[PDB]
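Enquirer: Contents of model.cif (mmCIF, N, CA and C atoms) are below:
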data_target
loop_
_atom_site.label_atom_id
_atom_site.label_comp_id
_atom_site.auth_asym_id
_atom_site.auth_seq_id
_atom_site.Cartn_x
_atom_site.Cartn_y
_atom_site.Cartn_z
N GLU O 3 8.76 -2.36 -18.42
CA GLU O 3 10.12 -2.11 -17.94
C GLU O 3 10.20 -0.72 -17.27
N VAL O 4 10.14 -0.72 -15.94
CA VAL O 4 10.32 0.48 -15.15
C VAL O 4 11.59 0.32 -14.33
N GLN O 5 12.12 1.42 -13.85
CA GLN O 5 13.40 1.40 -13.15
C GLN O 5 13.27 1.95 -11.73
N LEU O 6 12.16 1.59 -11.05
CA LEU O 6 11.78 2.09 -9.74
C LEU O 6 11.07 1.00 -8.95
N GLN O 7 11.27 0.97 -7.63
CA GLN O 7 10.53 0.04 -6.78
C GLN O 7 10.30 0.64 -5.39
N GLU O 8 9.04 0.72 -5.01
CA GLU O 8 8.59 1.27 -3.75
C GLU O 8 8.29 0.18 -2.72
N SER O 9 8.44 0.54 -1.45
CA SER O 9 8.11 -0.36 -0.36
C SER O 9 7.85 0.47 0.89
N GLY O 10 7.33 -0.19 1.91
CA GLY O 10 7.21 0.40 3.23
C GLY O 10 5.80 0.74 3.67
N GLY O 11 4.82 0.62 2.78
CA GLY O 11 3.44 0.89 3.17
C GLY O 11 2.93 -0.08 4.23
N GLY O 12 1.84 0.31 4.88
CA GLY O 12 1.18 -0.54 5.85
C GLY O 12 -0.13 0.09 6.27
N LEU O 13 -0.88 -0.67 7.05
CA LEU O 13 -2.08 -0.17 7.70
C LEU O 13 -1.70 0.36 9.07
N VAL O 14 -2.20 1.55 9.40
CA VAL O 14 -1.91 2.19 10.67
C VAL O 14 -3.18 2.88 11.12
N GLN O 15 -3.25 3.13 12.42
CA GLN O 15 -4.36 3.91 12.93
C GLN O 15 -4.02 5.38 12.78
N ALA O 16 -5.06 6.21 12.78
CA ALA O 16 -4.83 7.64 12.73
C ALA O 16 -3.85 8.03 13.83
N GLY O 17 -2.92 8.91 13.48
CA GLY O 17 -1.87 9.32 14.39
C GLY O 17 -0.62 8.49 14.29
N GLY O 18 -0.64 7.42 13.51
CA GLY O 18 0.51 6.56 13.38
C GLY O 18 1.52 7.10 12.39
N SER O 19 2.56 6.30 12.15
CA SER O 19 3.65 6.71 11.29
C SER O 19 4.15 5.53 10.46
N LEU O 20 4.67 5.85 9.27
CA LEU O 20 5.27 4.90 8.36
C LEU O 20 6.48 5.57 7.71
N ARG O 21 7.35 4.76 7.13
CA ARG O 21 8.48 5.26 6.35
C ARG O 21 8.53 4.51 5.04
N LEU O 22 8.30 5.22 3.95
CA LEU O 22 8.32 4.60 2.65
C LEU O 22 9.72 4.77 2.08
N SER O 23 10.10 3.84 1.21
CA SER O 23 11.36 3.95 0.49
C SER O 23 11.15 3.54 -0.96
N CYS O 24 11.94 4.16 -1.83
CA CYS O 24 11.90 3.88 -3.25
C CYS O 24 13.33 3.82 -3.72
N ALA O 25 13.72 2.68 -4.29
CA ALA O 25 15.03 2.54 -4.91
C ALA O 25 14.85 2.66 -6.42
N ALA O 26 15.72 3.43 -7.05
CA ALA O 26 15.58 3.76 -8.46
C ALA O 26 16.92 3.58 -9.15
N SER O 27 16.89 3.25 -10.43
CA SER O 27 18.11 3.22 -11.22
C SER O 27 18.85 4.55 -11.09
N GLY O 28 20.18 4.48 -11.00
CA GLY O 28 20.98 5.70 -11.07
C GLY O 28 20.69 6.53 -12.30
N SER O 29 20.27 5.90 -13.38
CA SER O 29 20.02 6.67 -14.59
C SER O 29 18.76 7.51 -14.47
N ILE O 30 17.84 7.14 -13.58
CA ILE O 30 16.68 7.97 -13.25
C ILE O 30 17.01 8.93 -12.13
N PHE O 31 17.72 8.43 -11.13
CA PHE O 31 17.82 9.12 -9.85
C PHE O 31 18.93 10.16 -9.86
N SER O 32 20.09 9.80 -10.37
CA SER O 32 21.29 10.59 -10.09
C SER O 32 21.18 11.99 -10.67
N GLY O 33 21.36 12.98 -9.80
CA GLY O 33 21.36 14.37 -10.20
C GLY O 33 19.98 14.94 -10.46
N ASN O 34 18.92 14.16 -10.24
CA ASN O 34 17.58 14.55 -10.66
C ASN O 34 16.64 14.65 -9.48
N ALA O 35 15.73 15.61 -9.57
CA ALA O 35 14.66 15.77 -8.59
C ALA O 35 13.78 14.53 -8.59
N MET O 36 13.47 14.03 -7.40
CA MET O 36 12.64 12.87 -7.19
C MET O 36 11.46 13.26 -6.31
N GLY O 37 10.32 12.63 -6.56
CA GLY O 37 9.11 12.96 -5.85
C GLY O 37 8.32 11.74 -5.46
N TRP O 38 7.51 11.94 -4.42
CA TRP O 38 6.49 10.98 -4.01
C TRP O 38 5.14 11.51 -4.45
N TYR O 39 4.33 10.62 -4.99
CA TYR O 39 3.00 10.90 -5.49
C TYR O 39 2.04 9.95 -4.81
N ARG O 40 0.77 10.31 -4.77
CA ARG O 40 -0.19 9.39 -4.20
C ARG O 40 -1.47 9.39 -5.00
N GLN O 41 -2.13 8.24 -5.01
CA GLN O 41 -3.30 8.04 -5.85
C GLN O 41 -4.39 7.34 -5.06
N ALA O 42 -5.57 7.92 -5.06
CA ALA O 42 -6.72 7.22 -4.53
C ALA O 42 -7.59 6.75 -5.67
N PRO O 43 -8.50 5.80 -5.42
CA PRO O 43 -9.24 5.16 -6.51
C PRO O 43 -9.99 6.15 -7.38
N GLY O 44 -9.85 5.95 -8.70
CA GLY O 44 -10.44 6.81 -9.72
C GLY O 44 -9.65 8.05 -10.09
N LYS O 45 -8.62 8.40 -9.33
CA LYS O 45 -8.02 9.73 -9.44
C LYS O 45 -6.59 9.68 -9.97
N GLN O 46 -6.14 10.83 -10.46
CA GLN O 46 -4.78 10.92 -10.94
C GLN O 46 -3.83 10.86 -9.76
N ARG O 47 -2.58 10.48 -10.04
CA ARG O 47 -1.55 10.56 -9.02
C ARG O 47 -1.28 12.05 -8.77
N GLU O 48 -1.18 12.44 -7.50
CA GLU O 48 -0.92 13.82 -7.11
C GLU O 48 0.42 13.89 -6.41
N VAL O 49 1.26 14.84 -6.82
CA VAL O 49 2.56 14.92 -6.17
C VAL O 49 2.36 15.42 -4.75
N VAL O 50 3.12 14.82 -3.83
CA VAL O 50 3.02 15.06 -2.39
C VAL O 50 4.24 15.80 -1.86
N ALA O 51 5.44 15.42 -2.30
CA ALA O 51 6.72 15.94 -1.82
C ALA O 51 7.77 15.68 -2.88
N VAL O 52 8.75 16.59 -2.96
CA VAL O 52 9.78 16.51 -3.98
C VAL O 52 11.11 16.90 -3.34
N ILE O 53 12.20 16.31 -3.82
CA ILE O 53 13.52 16.60 -3.29
C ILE O 53 14.53 16.65 -4.43
N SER O 54 15.30 17.73 -4.45
CA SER O 54 16.30 17.91 -5.48
C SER O 54 17.55 17.14 -5.11
N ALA O 55 18.41 16.96 -6.10
CA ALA O 55 19.67 16.30 -5.84
C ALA O 55 20.52 17.10 -4.86
N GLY O 56 20.27 18.41 -4.74
CA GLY O 56 20.94 19.25 -3.77
C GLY O 56 20.18 19.46 -2.48
N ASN O 57 19.19 18.59 -2.25
CA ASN O 57 18.44 18.52 -1.01
C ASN O 57 17.45 19.65 -0.80
N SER O 58 17.08 20.38 -1.84
CA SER O 58 15.98 21.33 -1.74
C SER O 58 14.68 20.52 -1.75
N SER O 59 13.76 20.82 -0.84
CA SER O 59 12.53 20.05 -0.76
C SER O 59 11.30 20.93 -0.95
N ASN O 60 10.22 20.29 -1.40
CA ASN O 60 8.92 20.93 -1.58
C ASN O 60 7.86 19.97 -1.03
N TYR O 61 6.80 20.53 -0.49
CA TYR O 61 5.70 19.77 0.08
C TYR O 61 4.37 20.44 -0.21
N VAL O 62 3.34 19.63 -0.48
CA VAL O 62 1.99 20.18 -0.53
C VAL O 62 1.63 20.64 0.87
N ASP O 63 0.83 21.71 0.96
CA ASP O 63 0.54 22.30 2.27
C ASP O 63 -0.02 21.27 3.25
N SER O 64 -0.87 20.35 2.77
CA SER O 64 -1.58 19.45 3.66
C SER O 64 -0.70 18.39 4.33
N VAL O 65 0.56 18.24 3.91
CA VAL O 65 1.48 17.32 4.58
C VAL O 65 2.62 18.03 5.31
N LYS O 66 2.72 19.34 5.21
CA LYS O 66 3.77 20.06 5.93
C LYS O 66 3.60 19.90 7.43
N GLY O 67 4.72 19.72 8.11
CA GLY O 67 4.68 19.38 9.51
C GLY O 67 4.40 17.93 9.78
N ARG O 68 4.07 17.16 8.77
CA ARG O 68 3.79 15.74 8.98
C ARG O 68 4.73 14.82 8.23
N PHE O 69 5.02 15.11 6.96
CA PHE O 69 5.86 14.25 6.16
C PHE O 69 7.22 14.89 5.97
N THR O 70 8.22 14.05 5.81
CA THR O 70 9.56 14.51 5.47
C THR O 70 10.13 13.65 4.37
N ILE O 71 10.59 14.29 3.28
CA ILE O 71 11.21 13.56 2.18
C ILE O 71 12.71 13.71 2.33
N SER O 72 13.45 12.66 1.94
CA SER O 72 14.90 12.68 1.99
C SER O 72 15.43 11.74 0.92
N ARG O 73 16.74 11.77 0.72
CA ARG O 73 17.34 10.90 -0.27
C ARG O 73 18.72 10.49 0.20
N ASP O 74 19.13 9.32 -0.26
CA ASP O 74 20.45 8.77 0.01
C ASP O 74 21.07 8.59 -1.36
N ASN O 75 21.97 9.50 -1.73
CA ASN O 75 22.49 9.48 -3.08
C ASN O 75 23.39 8.27 -3.33
N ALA O 76 23.98 7.69 -2.28
CA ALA O 76 24.85 6.53 -2.45
C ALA O 76 24.10 5.24 -2.71
N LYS O 77 22.81 5.20 -2.39
CA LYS O 77 21.96 4.04 -2.62
C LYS O 77 20.86 4.32 -3.64
N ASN O 78 20.83 5.50 -4.24
CA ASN O 78 19.78 5.87 -5.20
C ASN O 78 18.40 5.58 -4.62
N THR O 79 18.21 5.99 -3.38
CA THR O 79 16.97 5.72 -2.69
C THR O 79 16.37 7.02 -2.18
N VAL O 80 15.04 7.13 -2.29
CA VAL O 80 14.28 8.26 -1.76
C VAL O 80 13.41 7.73 -0.63
N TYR O 81 13.22 8.54 0.41
CA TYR O 81 12.44 8.15 1.58
C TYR O 81 11.32 9.14 1.82
N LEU O 82 10.20 8.65 2.36
CA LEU O 82 9.14 9.53 2.82
C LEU O 82 8.77 9.09 4.23
N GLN O 83 9.11 9.90 5.21
CA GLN O 83 8.73 9.69 6.59
C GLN O 83 7.36 10.31 6.75
N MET O 84 6.40 9.50 7.16
CA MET O 84 5.02 9.95 7.27
C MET O 84 4.61 9.88 8.72
N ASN O 85 4.46 11.03 9.37
CA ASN O 85 4.05 11.10 10.75
C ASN O 85 2.64 11.68 10.83
N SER O 86 1.98 11.44 11.97
CA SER O 86 0.67 12.03 12.22
C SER O 86 -0.30 11.71 11.09
N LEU O 87 -0.31 10.44 10.71
CA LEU O 87 -1.09 10.01 9.56
C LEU O 87 -2.59 10.17 9.82
N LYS O 88 -3.32 10.52 8.77
CA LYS O 88 -4.75 10.79 8.78
C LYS O 88 -5.43 9.93 7.74
N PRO O 89 -6.74 9.67 7.89
CA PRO O 89 -7.47 8.92 6.85
C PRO O 89 -7.35 9.53 5.47
N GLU O 90 -7.21 10.86 5.38
CA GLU O 90 -7.00 11.56 4.11
C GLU O 90 -5.65 11.27 3.48
N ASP O 91 -4.79 10.49 4.13
CA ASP O 91 -3.54 10.03 3.56
C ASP O 91 -3.64 8.63 2.94
N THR O 92 -4.76 7.94 3.11
CA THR O 92 -4.94 6.61 2.52
C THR O 92 -4.83 6.68 1.00
N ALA O 93 -3.90 5.91 0.42
CA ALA O 93 -3.66 5.96 -1.01
C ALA O 93 -2.57 4.95 -1.35
N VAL O 94 -2.38 4.72 -2.65
CA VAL O 94 -1.16 4.07 -3.12
C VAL O 94 -0.14 5.17 -3.40
N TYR O 95 1.07 5.01 -2.84
CA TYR O 95 2.16 5.96 -2.98
C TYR O 95 3.17 5.45 -3.99
N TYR O 96 3.66 6.36 -4.83
CA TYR O 96 4.58 6.07 -5.90
C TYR O 96 5.71 7.10 -5.88
N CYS O 97 6.88 6.67 -6.27
CA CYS O 97 7.99 7.59 -6.45
C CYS O 97 8.29 7.71 -7.93
N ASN O 98 8.83 8.85 -8.32
CA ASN O 98 9.27 9.03 -9.69
C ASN O 98 10.15 10.26 -9.79
N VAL O 99 10.81 10.37 -10.94
CA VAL O 99 11.55 11.58 -11.25
C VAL O 99 10.53 12.66 -11.55
N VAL O 100 10.83 13.89 -11.15
CA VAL O 100 9.92 15.02 -11.30
C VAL O 100 10.40 15.86 -12.48
N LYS O 101 9.73 15.68 -13.61
CA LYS O 101 10.13 16.29 -14.87
C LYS O 101 9.44 17.64 -15.09
N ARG O 102 9.93 18.37 -16.09
CA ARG O 102 9.27 19.59 -16.53
C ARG O 102 7.96 19.22 -17.22
N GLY O 103 6.99 20.11 -17.11
CA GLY O 103 5.76 19.95 -17.84
C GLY O 103 4.89 19.01 -17.07
N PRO O 104 3.76 18.67 -17.64
CA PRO O 104 2.85 17.77 -16.95
C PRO O 104 3.48 16.39 -16.82
N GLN O 105 3.03 15.67 -15.80
CA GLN O 105 3.62 14.38 -15.47
C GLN O 105 3.09 13.24 -16.33
N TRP O 106 2.09 13.48 -17.18
CA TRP O 106 1.46 12.41 -17.93
C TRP O 106 2.46 11.69 -18.83
N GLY O 107 2.27 10.38 -18.95
CA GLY O 107 3.05 9.59 -19.87
C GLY O 107 4.30 8.96 -19.31
N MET O 108 4.49 8.98 -18.00
CA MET O 108 5.64 8.29 -17.43
C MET O 108 5.28 6.84 -17.13
N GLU O 109 6.32 6.02 -17.02
CA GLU O 109 6.18 4.67 -16.52
C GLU O 109 6.30 4.73 -15.01
N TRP O 110 5.48 3.93 -14.32
CA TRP O 110 5.45 3.94 -12.87
C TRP O 110 5.70 2.53 -12.33
N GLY O 111 6.28 2.48 -11.13
CA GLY O 111 6.38 1.25 -10.38
C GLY O 111 5.04 0.80 -9.84
N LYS O 112 5.07 -0.28 -9.05
CA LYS O 112 3.82 -0.86 -8.56
C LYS O 112 3.17 -0.03 -7.48
N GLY O 113 3.94 0.84 -6.82
CA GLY O 113 3.44 1.58 -5.69
C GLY O 113 3.54 0.79 -4.41
N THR O 114 3.36 1.49 -3.32
CA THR O 114 3.19 0.88 -2.01
C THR O 114 1.92 1.41 -1.36
N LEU O 115 1.14 0.51 -0.76
CA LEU O 115 -0.17 0.84 -0.24
C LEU O 115 -0.08 1.36 1.19
N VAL O 116 -0.79 2.45 1.45
CA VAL O 116 -0.91 3.03 2.78
C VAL O 116 -2.39 3.18 3.08
N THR O 117 -2.83 2.61 4.21
CA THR O 117 -4.19 2.75 4.71
C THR O 117 -4.13 3.29 6.12
N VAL O 118 -4.89 4.34 6.40
CA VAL O 118 -4.96 4.93 7.73
C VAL O 118 -6.41 4.75 8.14
N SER O 119 -6.63 3.87 9.11
CA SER O 119 -7.98 3.42 9.38
C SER O 119 -8.84 4.55 9.92
N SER O 120 -10.09 4.59 9.44
CA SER O 120 -11.15 5.42 10.00
C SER O 120 -11.50 4.90 11.41
#
Taking this structure as input, can you express it in the form of structure tokens?
Expert:
Amino acid sequence: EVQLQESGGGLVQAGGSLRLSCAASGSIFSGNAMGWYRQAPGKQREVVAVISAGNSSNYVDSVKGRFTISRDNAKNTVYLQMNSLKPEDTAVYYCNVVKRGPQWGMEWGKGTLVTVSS
């Protein structure tokens, strides 16, 4: 029982663009920082971008200038606009609430798959 669902992944060539979306229960989303994470095979999910309920955003250096995170508070939905995609962006992407402390032990949705062809 998770309260999140991601969509919008696809296969694209390098230089392409995608827009991911995640709809979440208001009880997870409302008033709370939300983030996009990505996972490649064998590895932990790594946070990519985060957005506060007051629209403050954070990004890992390697996606700055390329990705944009946003939220629609009336639909409890978070978005990740992914431009200038690179093979190093190939991963399963997940959204979740961004809690204090380490992220271990949360329940996750199914993710959405993004492949950027070599």
Enquirer: Quick one: apply the PyMOL selection byres ((chain O and resi 117) around 6) to the file and drop the selected residues here as a ChimeraX atom specification.
Expert: /O:12-14,92-93,115-116,118-119
Enquirer: Env of residue 32 in chain O: 7 Å cut, atoms = only C-alpha atoms, seq-sep filter 3 positions within chain, self excluded. Answer as a ChimeraX atom specification.
Expert: /O:28-29,78
Enquirer: Of the candidates O:109, O:91, O:55, O:80, which one gets nearest to residue 26 in chain O if we count all atoms listed in the file?
Expert: O:80
Enquirer: Identify which of the residues O:76, O:6, O:52, O:16 lies closest to residue 113 in chain O, counting all atoms listed in the file when measuring atom-to-atom distances.
Expert: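 Closest residue, counting all atoms listed in the file: O:6.
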Enquirer: What's around residue 58 in chain O at 10 Å? Count only C-alpha atoms, leave out sequence neighbours fewer than 5 positions away in its own chain, and write the answer as a short mmCIF file (atom, residue, chain, number, x, y, z; two decimals) with N, CA and C atoms, in the coordinates of the input.
Expert:
data_model
loop_
_atom_site.label_atom_id
_atom_site.label_comp_id
_atom_site.auth_asym_id
_atom_site.auth_seq_id
_atom_site.Cartn_x
_atom_site.Cartn_y
_atom_site.Cartn_z
N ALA O 35 15.73 15.61 -9.57
CA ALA O 35 14.66 15.77 -8.59
C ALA O 35 13.78 14.53 -8.59
N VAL O 52 8.75 16.59 -2.96
CA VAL O 52 9.78 16.51 -3.98
C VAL O 52 11.11 16.90 -3.34
N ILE O 53 12.20 16.31 -3.82
CA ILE O 53 13.52 16.60 -3.29
C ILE O 53 14.53 16.65 -4.43
N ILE O 71 10.59 14.29 3.28
CA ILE O 71 11.21 13.56 2.18
C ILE O 71 12.71 13.71 2.33
N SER O 72 13.45 12.66 1.94
CA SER O 72 14.90 12.68 1.99
C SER O 72 15.43 11.74 0.92
#
Enquirer: Which one of O:95, O:61, O:38, O:31 sits closest to residue 9 in chain O if you count all atoms listed in the file?
Expert: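 Between O:95, O:61, O:38, O:31, the residue approaching residue 9 in chain O most closely is O:95.
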Enquirer: Could you jot down the atom C of residue 33 in chain O to CA of residue 67 in chain O separation for me, Å, one decimal place?
Expert: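 Computed distance, atom C of residue 33 in chain O to CA of residue 67 in chain O, equals 25.5 Å.
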Enquirer: Would you kindly identify which residues have an atom no farther than 6 Å from (12.8, 4.4, 1.3), using all atoms listed in the file and the file's own coordinates, and write them out as a VMD selection string?
Expert: chain O and resid 21 to 25 79 to 82
